[PDB]
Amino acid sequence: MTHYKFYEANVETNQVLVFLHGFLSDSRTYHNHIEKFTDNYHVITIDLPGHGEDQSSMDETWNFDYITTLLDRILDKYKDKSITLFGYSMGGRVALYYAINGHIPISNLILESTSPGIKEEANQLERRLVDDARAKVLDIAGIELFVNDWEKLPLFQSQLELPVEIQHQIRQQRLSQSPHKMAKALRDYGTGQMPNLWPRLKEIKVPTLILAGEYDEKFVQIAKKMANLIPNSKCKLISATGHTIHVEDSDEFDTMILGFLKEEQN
């Protein structure tokens, strides 16, 4: 209930494009994009556990297998369609996990500024500690103070250049998240908790589009590495954007998706 929205295509089509959002955000991030795709594609947006309109129980572990089941249940209603699964950042981690472990086969995969998790154990632990600390800060200091600090992360420096409306929308989307739920999201499916999917990338056989922002060096290096390992992948670097490409250059982002979707119609 409430955790996913289906937007009927303006035309008959067997194509369904499924959007997963990032941490501290929800499906509203795709708001201005939906109409660009419904022209030719059915669109689904899904709020992940703890985010936006999600109503996952606080008393269940929101690990990847839980999220996979969640997605299985939605996608089962469209299993006979050609499903393109799109994930941005946190949602891309879910989309990679799902491409590898999901129970409904997807047709195509799209990854924006994401990673298959952390390879080496000590780095996984480093990240767990940080996300665990962050979760504690959320449970205790609340959403506003967290977002204030989150806004200042180097990862998001390129956003400081966005039009004030856009920065407002992003800030509002973050502030509306429940801090206790954000904490649980971090503890249960933060990157530090995610299995290292690097050695399973070769299992992903579907056409895959990988997007990274040129200013976002870390995720560019990750995107290139992922592309090498996913056998039918295209990696596109988006000029003059950081991590959240779909917000910083929405049109180019849209053009890249539509063109990929165009190419893979077969």
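Sequential numbering from 1, following the sequence displayed.
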Open item on the list: Tell me which stretch, 22 to 30 or 193 to 201, has the higher mean Cα B-factor listed in the entry.
Closed with: 193 to 201
TODO: Please work out which of 82 to 90 and 140 to 148 has the higher mean CA B-factor as recorded in the PDB entry.
DONE: 140 to 148
- [ ] Tell me which of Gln221, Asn63, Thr38, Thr69 tops the list for C-alpha B factor in the record.
- [x] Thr38
Open item on the list: Take the CA temperature factors straight from the PDB entry and tell me which of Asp131, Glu112, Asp188, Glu165 peaks.
Closed with: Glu165
Open item on the list: What third of the chain does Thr45 rank in for C-alpha temperature factor, lowest, middle or highest?
Closed with: lowest
Task: Relative C-alpha B-factor of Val16, binned into the chain's lowest, middle or highest third - done: middle
TODO: Would you mind ranking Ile257 by its C-alpha B-factor against the rest of the chain and naming the third, lowest, middle or highest?
DONE: highest
- [ ] State the tercile, meaning the lowest, middle or highest third, of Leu175 with respect to the CA B-factors recorded for its chain.
- [x] middle
TODO: State the tercile, meaning the lowest, middle or highest third, of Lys119 with respect to the CA B-factors recorded for its chain.
DONE: highest
